[PDB]
Amino acid sequence: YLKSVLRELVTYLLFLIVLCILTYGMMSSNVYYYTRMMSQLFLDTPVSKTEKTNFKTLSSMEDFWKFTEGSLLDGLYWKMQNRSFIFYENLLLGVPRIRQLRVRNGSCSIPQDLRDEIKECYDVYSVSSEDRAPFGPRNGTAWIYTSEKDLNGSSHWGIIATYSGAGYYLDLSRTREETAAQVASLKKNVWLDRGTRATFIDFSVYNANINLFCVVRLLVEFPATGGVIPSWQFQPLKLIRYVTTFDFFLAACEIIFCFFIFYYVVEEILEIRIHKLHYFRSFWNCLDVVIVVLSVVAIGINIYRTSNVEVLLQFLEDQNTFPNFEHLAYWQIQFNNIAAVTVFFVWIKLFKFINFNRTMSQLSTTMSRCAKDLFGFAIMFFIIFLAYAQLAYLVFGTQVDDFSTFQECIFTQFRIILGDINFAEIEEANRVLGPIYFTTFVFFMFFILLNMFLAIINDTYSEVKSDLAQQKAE
Amino acid sequence: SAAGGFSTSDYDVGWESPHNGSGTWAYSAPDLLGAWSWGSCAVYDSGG
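Top to bottom, those sequences are chains D and A. With the deposited numbering applied, the first sequence covers 216 to 296, 305 to 697. Quick note on the deposited numbering: the second sequence kicks off at 3771 and runs consecutively.
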């Protein structure tokens, strides 16, 4: 009991600091200024002049023109002070792609009794019940009655709107003039007709002010029985590999972290081979192995994620006129997992209390004595601090230019505490009783009044120590 | 930001116009000894 409690305790502490450093490094969270604003600019906008037909509450099933020629039209032609400018914070990228899942004839069998009324509506997702003929008016493939299974896309398996591997879809040009013309053609005709169950679209962004990539997916699940459900899944992904003098420190911390994980994995195998095995009913050997297993992950994920992201970002120019550039959806499928896995063990790892009792929090909440003592000091320190302020304001009021207004003497004295004295005109304004002020203020503020605070802290620590020792030795 | 792939082709007086033979402004391939100035935007080398 003289080595371990002094060995893996220290090792775990250093492990804690090491992980918290690159937790800070990872903790960018620029989304609140780069994904919240991006989402508001793309999901908080009025389709009409002023109404409730926004992205929050979809307009209507027959509002194809009212919806596509709206905030969506403000994504291909974002005109501000065909264009990419909404709030001077984001730009365009890739090529737009909208999927119109039309549930055409095949919803239910049509008997000879009452098929003449209705037999083809927007039913649940299926294969032989989806779009099989023109979903309304379409001369050719405007309402394309083809299954896009070979489109290199995986179904989202949506709960509110079931997602399949097939469905009518089309892309837009490098601008919105052609996109608007196609939308108008499909509105005069019928492609997103009443049989359409849900509409899906995916998009990317550049946002050159804060260099990153944005992946956004928009889904409007207009139920056949009425209404429409909005869904917006938007998330960023950046690549900052090596340009700075701080990210190299993060890389070094990651290397140190990998060495620590190697140390803990080369240490755990011996506890099962040499030490008696199949003994995990301790709840402590349980965390030791699961933490290591999770830590092995996100190491072979981060490298793979970085490599894949770099490879994908390399080909970011050939998509100006390319047909489809919405293949990055596979990337986020990993990026969020590493965003989740990293927080599925950083708590778990910090959830280790073998070194000190968990239920002994009675000495971390009875420290209110320290808080009470710290309050009977602020009312014994501000009395002396305000008397000096008054004296300075009365003696040096008219001359110094710093002890001019009472609200300024306070800040001047605080700056004096921070070692920002001037003393060029404090003494000039009054040869005697002026330096006396400064000397006594320094002697009573740094020697006799500062140290009572440290004494209070010292006594709080000693009392906590003594109480804990008495409790644990009773 | 907006970095890319460093050019490596040959050019002429003014810029790119290889007409007859070797360009007047050759690439002068980097040596493997002496590089890595470590500027601000990226880590550079002795090629150019």
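Heads up, the beta-carbon is just placed ideally off N, CA and C, and yes, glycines get one too.
Inset, instruction - State the Cα-Cα distance for the pair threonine 588 of chain D and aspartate 511 of chain D, rounded to the nearest angstrom. - result: 29 Å
Legend entry - Near-chain A residues of the region 464-495 of chain D (beta-carbon distance less than 8 Å), N- to C-terminal order: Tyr465, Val466
Inset, instruction - Taking a Cβ distance cut-off of 7 Å, strictly less, list which residues of the region 3773-3803 of chain A are near chain D, in chain order. - result: none
Legend entry - Validate contact between the region 445-463 of chain D and the region 405-425 of chain D using beta carbons, cut 8 Å, 3 pairs: yes
Legend entry - Alpha-carbon spacing of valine 220 of chain D relative to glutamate 686 of chain D, whole angstroms: 24 Å
Legend entry - Minimum Cβ-Cβ distance from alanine 3812 of chain A to chain D less than 8 Å: yes
Legend entry - In chain order, each beta strand (DSSP E) run of at least 3 residues that lies wholly inside the region 447-519 of chain D: 452-460
Legend entry - For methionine 241 of chain D and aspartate 259 of chain D, the rounded distance between their alpha carbons: 29 Å
Legend entry - Closer than 9 Å at the beta carbon, the chain A residues around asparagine 434 of chain D: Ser3771, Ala3772
Inset, instruction - Taking only beta-carbon positions, decide if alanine 521 of chain D is within less than 8 Å of chain A. - result: no
Legend entry - Chain-order list of residues whose beta-carbon lies under 6 Å from that of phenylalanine 629 of chain D (same chain, five-residue window excluded): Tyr616
Inset, instruction - Determine which residues of the region 417-450 of chain D have a Cβ less than 8 Å from any Cβ of chain A, and write them out in chain order. - result: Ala431, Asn434
Legend entry - Outcome for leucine 324 of chain D when other beta-carbon atoms lying within 10 angstroms are tallied against a minimum of 16: buried
Legend entry - Three-state class that DSSP yields for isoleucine 321 of chain D in the structure shown: strand
Legend entry - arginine 251 of chain D - containing beta strand (DSSP E), residue span: Premise fails: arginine 251 of chain D lies in the alpha helix (DSSP H), 251-258, not in any beta strand (DSSP E).
Legend entry - At least 3 beta-carbon pairs within less than 8 Å: the region 385-393 of chain D vs the region 366-375 of chain D: yes
Inset, instruction - Could you spell out the range, first to last residue, of the beta strand (DSSP E) harbouring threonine 419 of chain D? - result: 419-428
Legend entry - Check whether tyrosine 684 of chain D and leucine 614 of chain D have beta carbons under 8 Å apart: no
Inset, instruction - Taking only the alpha-carbon atoms, compute the straight-line gap between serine 530 of chain D and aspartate 682 of chain D and give it to the nearest angstrom. - result: 54 Å
Inset, instruction - Examine the Cβ distances between the region 313-323 of chain D and the region 336-353 of chain D and report whether three or more of them are shorter than 8 Å. - result: no
Legend entry - Contact set for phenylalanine 279 of chain D: own chain, Cβ-Cβ below 6 Å, skip 5 residues either direction: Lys410, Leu415
Legend entry - Complete alpha helix (DSSP H) runs within the region 568-636 of chain D (minimum length 4 residues, chain order): 591-618
Inset, instruction - In the DSSP assignment, find the unbroken beta strand (DSSP E) run with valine 439 of chain D in it and report its ends. - result: 436-444
Legend entry - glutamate 540 of chain D, buried or exposed, once every other Cβ within 10 Å from all chains shown has been counted against 16: exposed
Inset, instruction - Could you work out which residue in D/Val515, D/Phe667, D/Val413, D/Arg306 is closest to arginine 397 of chain D when comparing CA atoms only? - result: D/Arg306
Inset, instruction - Identify which residue in D/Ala407, D/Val347, D/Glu549, D/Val520 has its Cα closest to the Cα of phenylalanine 436 of chain D. - result: D/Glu549
Inset, instruction - Decide if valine 262 of chain D is buried, meaning its Cβ has at least 16 other Cβ atoms within 10 Å, or exposed. - result: buried
Legend entry - Cβ pair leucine 586 of chain D, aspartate 690 of chain D closer than 8 Å: yes
Inset, instruction - Taking only heavy atoms of the ligand COA into account, decide whether any of them is closer than 7 Å to the Cβ of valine 566 of chain D. - result: Looking for the ligand COA in the displayed structure turns up nothing, as the structure carries no ligands at all.
Legend entry - Pairwise C-alpha distance: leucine 224 of chain D and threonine 544 of chain D: 59 Å
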